[PDB]
Each structure stands twice: as C-alpha cells, then as structure tokens.
Protein chains: 2
Amino acid sequence: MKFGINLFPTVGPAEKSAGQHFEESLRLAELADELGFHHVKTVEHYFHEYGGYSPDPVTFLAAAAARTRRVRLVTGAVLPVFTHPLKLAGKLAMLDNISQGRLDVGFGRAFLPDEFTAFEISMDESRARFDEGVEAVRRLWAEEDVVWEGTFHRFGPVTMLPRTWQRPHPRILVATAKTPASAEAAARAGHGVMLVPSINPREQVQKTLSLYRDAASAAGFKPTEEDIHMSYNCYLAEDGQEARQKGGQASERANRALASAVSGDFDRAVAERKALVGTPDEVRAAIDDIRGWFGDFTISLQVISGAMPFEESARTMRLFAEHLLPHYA
Amino acid sequence: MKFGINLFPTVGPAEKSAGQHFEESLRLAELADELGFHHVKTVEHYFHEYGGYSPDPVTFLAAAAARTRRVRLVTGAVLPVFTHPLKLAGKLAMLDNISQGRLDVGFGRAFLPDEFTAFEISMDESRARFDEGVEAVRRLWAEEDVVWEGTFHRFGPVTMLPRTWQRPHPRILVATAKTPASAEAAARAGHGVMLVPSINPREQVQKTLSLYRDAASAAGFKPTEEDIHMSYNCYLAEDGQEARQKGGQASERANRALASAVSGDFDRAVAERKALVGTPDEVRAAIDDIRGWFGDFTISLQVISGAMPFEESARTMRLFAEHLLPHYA
Ligand SMILES: [Ca+2]
Ligand SMILES: [Ca+2]
Ligand SMILES: [Ca+2]
Ligand SMILES: [Ca+2]
Ligand SMILES: [Ca+2]
Ligand SMILES: [Ca+2]
C-alpha cells in the first residue's frame, strides 16, 4: 500500500477565504513531505463550492512542489475536455521539471452540468474529447514532429517544449467511476487507473480491478501499486466518537456541496469501508479489509472539508503517520 | 523607477536542460526576493527556443511565489487569444491567493505565426480575442453572477472561484497594439501598459506614453510608476570588456532566437539605451537617460540567456542591487 493526501476543497467564501485555504493547503503539503506520505493530490473543478477553489490543479501543485522535496504531486484529475492538449502537455511538462520528476498525471471525465454549459461543450462527444485529449498529450510528451489530425484539434508537425523530466513522460492514470470498460481500455493503453470506492459497491470495484489486471496482462503490462489510485475521506482522532462527529460533519458538508453542484448513512459508509474515519485502530482494521479486497494500491486520504480547522487536518495526518504509515512501509 | 527581474527563457537543451533552467530560475527568483527587487516576470510562448520552455507562465510563477515572500509575480504576458477567459481567470485567481496578493497580470498580444497556426486561430481575430478576453477576465474577478455574451464565448451566470485576494482584482497591464486607440483604451479602463523600447524607436515609446497619460487624466485615472512596464536585457560586470563580450553574446543569442521564431547591432542597442549592459557606472548613466525620456516606470531586467551560468546572472543582480538600486530608492 501507498498513502498520500488529497486536498479536495469543498468550501466557499462564507466559510473560508481562498487566502486561508491556500496557505493551509500548502502547509498540509509540507506536512505530507515531512511526515513521509507518498504524494499530494488535488482536483480540477469550476464555479461551485464543490471543488471550485481549484479550477487549475497544476497551479496549486507547482506551489506544493516548490515547498517540498520528496512527496510526489498527482493530478486527480485534470479534465482534458476543457483545455487544449498543447496547453495541458506544456504546463504539465513545466511542472514535471519544476518538481524534478515527482509528477503523476491523472486524467478524468467531467460530470458537473454547469461546467459543460459554461465552456459550451456538449456531453455527447465528451468521451471522444477525453480519449483524444489523453492521447494527444501523451504524443506531445513522447514524440517530436507530432502531426495530430484530431477530431477536436489539428496541429503539427510541432515539438512541445519543455520536454518532460521523466522518461518517457509522467505516469498516466485514467479516472473511472463510470464503466469497467474504460478500465479495460486504460490497461490496453498501458495506463494506470483511478477508481471510486466511496460510491461503488465493493464487489464492483473488485470486478473492475479484475478486468483491469486481466487486460493489463494480455497487453504484456504488469501494474504496480502506483498504477491504481483511490481516494477516501479521512479523519482521525484519538477519540473515535469525536472522529465520527467531526469527520461525519465533513463528509456531510462535502455531500451537500456535491448535491448542490450536480444541480445512519455515514455509519453505514464507515462500516462498508467507503470512508476512513475513526481512531487509528478503527482505520487500521478498515485498511486491512480494503487491502484484502483489492490488493496493494495507492490511497489518497482526503483530509480537508468545509470550515474544518487546519489543526484537525494536521492531527489526522500526524496520527496516520505515527500509527499507520510504519506498518505499511 | 522600480526594477524587477525578467526570466524569459531564450534557451534550448544544448545550453540548459529544462530541469536545469527551472532549478536555476527559481533560485534567481529567490535571489530577487533577497536582494530587494520589485518583481519576477516570465512569458507565455510555444515550440521555439524563443520562450518555448514557458508555455504556461502561471505554472512557473506559482512555484516562484511559493519560494519567496515579498517579490511580486508578474505575467509578461498571458495570451488571452489562446485560452478561455474562464480558465485564465481561475488559474490567476489561484495564483493571487497562493502569493498572498503579490500578483500583477500582464496580458499580451501574440505575434508568432507558429503559435496562431498550431492553435488554429486566425490572426485577423487577434485584436477582438484579446480585448474580449481581457474584459471577460476582469469581470470574472470583479463581479459575481457574471454573464458574458461576446463574439467568441457565451457563459453565465457564474461566480468564478476562488475569489481573488486583491480587490477588486490584481493590477491589469496590457500590451499596446501601437495604434493610438489601444493606449487610450487601457487608460480609460484603469489598466497599466507594457511597452517595448528594445525594438521601437524612443519617440514611439514617448508618443504611446503621452497618449496613455493624457487619456488617463481625462478619465480621472492617476497612473503610477507600477502601471508602466518595459523589459531590457541586462548584464553587469565591473570589467567593461567582460560586460560587453558576455552581455553582447547574451543579447545576440536572444535576438537570434527571436529571428528564428518569426521566420555592430548590439553596440548600437547599448548606445541607444535599448539594452542595459556595461559596468555599473555605464548602466547608471543609461538608466538616467531612460528616466529622462520616459519618466518613472517599472523595468524588468532580463538577466538570463542561453548557456550563461547562473552565477553570472546572480552577479548582474548583486551588482545592480549594490550600485544602482539605492540611487532610485
Ligand atoms: Ca497565516
Ligand atoms: Ca524522441
Ligand atoms: Ca542541480
Ligand atoms: Ca517582458
Ligand atoms: Ca486600480
Ligand atoms: Ca514588460
């Protein structure tokens, strides 16, 4: 197992200024570095309290990279549908070099209707836009004199600068909450995968992993634990009932932001290992269950939410580092 | 006068790898901070050794912001013609908050044919895309529930997140199109201007400044020296021979890059005060001339070029801070 942190903002200006949010998030990235976490992840979203403080994850991750030395930086996930592959390839290549080779690039599908409407892009061909965006970026990184005759963009021969630091390029992961068939296509392409256990049933995530691992082997490709990412809301306290109360409020706040942006329950989610909330001992048992179902992979611990004090996010990370990180290292 | 540092890359891998360039440029930003320079600036350009290591200046400046405390971060310049105003406003708002209000945003006009070709933008739309892009971004920062229905984009109502740190928005500077209307339009909107003395005759710069200052007065706008930006190649050494030879190589190399991209001169440029290269006493005389011609404004000192070692860029900056910065303070 690998464990990093995810910094998904679910907050609006009435709860926390963006100035405070970004100072706190960069300090949590520093704490991830100091405590020995694997990575720092953030997201791309527009307009709503659900994710909207992060319309450009690369901008945050370049700052996080500059504040850190060893933690990896991960997009979870850039949205190729809303950018141009020349720009996406270029800014990610800059970040790879700034971070001295610590970047992993997750690419995801958009789903918020207001994002599609505002950028005047149809959902109808978003799948083709996504696949062509990923491949065009990969080609801009891997090749020179690139002639891209795409459905949505046509350019070349061109060679994108800067060239990436990593060879052939940063790891590519494809996010799928949608369809196990997209996980098969990722393996066929040699890509990693990002799954969403917090919404999908356990047996569904397992069958997606089985299809992915099967397709990967058929393509002569052995996925490591760094090729499979999943994010979990995470809140730790020495008092597990305090963790339930404050972590449950956080998960509630994020759920509400989500419901607004798309246009008993918490305890069951915790019992089903859809969220990592409790004492270090509760979360240890939960992780061991997850590892038994899914095998070894990379978890991003989502540690911020709403007006949750920085000190509580930092406590979660410190407790995880002291009590859990050593046993999986 | 104010003096900052320009970190425009005119460099390819035979001179510095991208990894070396970004490591050294971030250290120069740290040195600009330490030595008391006003700002750090970088460019947006694609494909060529002329600027092509920086397809996304916000990515670099986010890292530079994270490494520094006081120096301002200036886009010189983002190109609205190649990015959607929603994305431009969002990433810049993130950068504003990450830097805790140290951002000034210069908006530039593209001119390299290869960039227009690759992004599939007709050059005849350059003016409208620029003016509509700048204004849409300004409104996205300044207002809530923004609806924009222009020639190229239609969206809203949206409230762009994160909200900027600076209110109503960061300083906006615009490259002028040498037509009088563009300098007057900047003044009437309360924008600053970015002028190019290294290429245009002194009298042209003076005419644009007169138009800008007069239109500002008529509009009730009082521009300050921080509202007027110009870049100069800069190389200082106490040995005047070394300054001319190495500063000359640096400027000639940058001019070769530009000539490739668009398809006794250096001595003349220095004599006409279009480059700031020489001993500290020689450059002092040059700046005194420029200030007499143009008034007080903000200079970005372009201190890197090609394979010039970091320590020579650092020496230029240290000599400038010791011998010239106090005379204008
Ligand atoms: Ca603080
Ligand atoms: Ca090659
Ligand atoms: Ca080095
Ligand atoms: Ca400039
Ligand atoms: Ca103003
Ligand atoms: Ca300038």
Side-chain angles (χ1 to χ4, degrees), chain A residues 66 69 89 93 97-102 138-147 156-169, chain B residues 1-8 10 12-13 16-28 30 37-45 51 54 57 61 67 72-79 104-109 111 171-176 178 183 186 191-200 205 208-209 212 225-234 254 258 274-276 290 294 297-304 309-311 314:
Chain A
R69 294 172 230 160
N97 281 289
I98 285 162
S99 77
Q100 304 208 333
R102 291 182 286 144
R138 184 197 72 74
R139 284 201 201 173
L140 286 162
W141 288 337
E143 308 293 333
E144 303 90 28
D145 273 342
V146 175
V147 182
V158 289
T159 305
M160 176 59 50
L161 294 174
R163 312 302 286 153
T164 60
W165 175 294
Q166 296 177 78
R167 298 174 196 161
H169 51 71
Chain B
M1 303 292 308
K2 296 294 187 174
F3 306 92
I5 305 296
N6 213 166
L7 297 171
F8 187 131
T10 61
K16 296 187 193 285
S17 73
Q20 179 185 1
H21 164 75
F22 282 109
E23 179 186 51
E24 287 179 5
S25 287
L26 287 174
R27 201 144 81 77
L28 289 169
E30 290 160 8
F37 285 94
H38 173 257
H39 65 262
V40 172
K41 176 180 286 169
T42 199
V43 69
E44 183 177 347
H45 270 306
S54 181
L61 293 170
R67 291 287 189 78
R72 304 201 67 76
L73 298 313
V74 185
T75 58
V78 294
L79 303 174
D104 299 355
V105 185
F107 293 87
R109 302 167 179 272
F111 69 96
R171 188 187 310 274
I172 293 172
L173 307 100
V174 294
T176 49
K178 284 63 171 130
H191 305 331
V193 287
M194 311 184 92
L195 306 187
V196 191
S198 59
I199 299 286
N200 294 138
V205 178
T208 303
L209 289 167
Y212 176 69
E225 62 183 346
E226 288 183 277
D227 286 313
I228 297 163
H229 279 222
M230 314 183 204
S231 183
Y232 289 91
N233 294 346
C234 179
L258 170 63
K274 286 163 188 190
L276 297 177
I290 289 164
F294 301 151
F297 63 101
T298 298
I299 287 177
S300 307
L301 303 165
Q302 167 73 9
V303 294
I304 57 170
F310 168 100
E311 300 299 332

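Values below: every heavy atom of this structure, side chains too, minus hydrogens, waters and symmetry copies. Order of the sequence lines sets the chain letters (A, B, ...), proteins ahead of strands, with each chain counted from 1. Counting starts at 1 for both ligands and their atoms, in listed order.
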Close side-chain approach of B:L301 and B:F37, heavy atoms under 4.5 Å | yes
Residues which pass ring pair (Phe, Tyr, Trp, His ring centres under 6.0 Å) with B:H38, listed by chain and number, not counting sequence neighbours = none
Go around the Ca ion (ligand 2) and count every protein N, O or S atom nearer than 3.0 Å.
->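 Protein N, O or S neighbours of the Ca ion (ligand 2) under 3.0 Å, waters not counted, come to 2.
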Closer than 3.5 angstrom, by distance alone: can the side chain of [X] be matched with the main-chain N or O of [Y] as a donor-acceptor pair?
| X | Y | result |
| --- | --- | --- |
| B:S300 | B:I5 | no |
| A:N97 | A:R163 | yes |
| B:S54 | B:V43 | yes |

Spatial distance of atom NZ (B:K41) from atom CG (B:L73) [nearest 0.5 Å] | 12.0 Å
Can you measure from CZ (B:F310) to CD (B:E23) and round to the nearest 0.5 angstrom?
-> 9.5 Å
Number of protein N, O or S atoms [distance to the Ca ion (ligand 3) under 3.0 Å] =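 Protein N, O or S neighbours of the Ca ion (ligand 3) under 3.0 Å, waters not counted, come to 2.
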Qualifying residues under side-chain hydrogen bond (donor to acceptor under 3.5 Å, both in side chains), relative to B:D104, sequence neighbours excluded =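 Partners of B:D104 under the side-chain hydrogen bond (donor to acceptor under 3.5 Å, both in side chains) test: B:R72.
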Heavy-atom neighbours of B:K2 NZ exceed 12 at 6.0 Å |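 Open.
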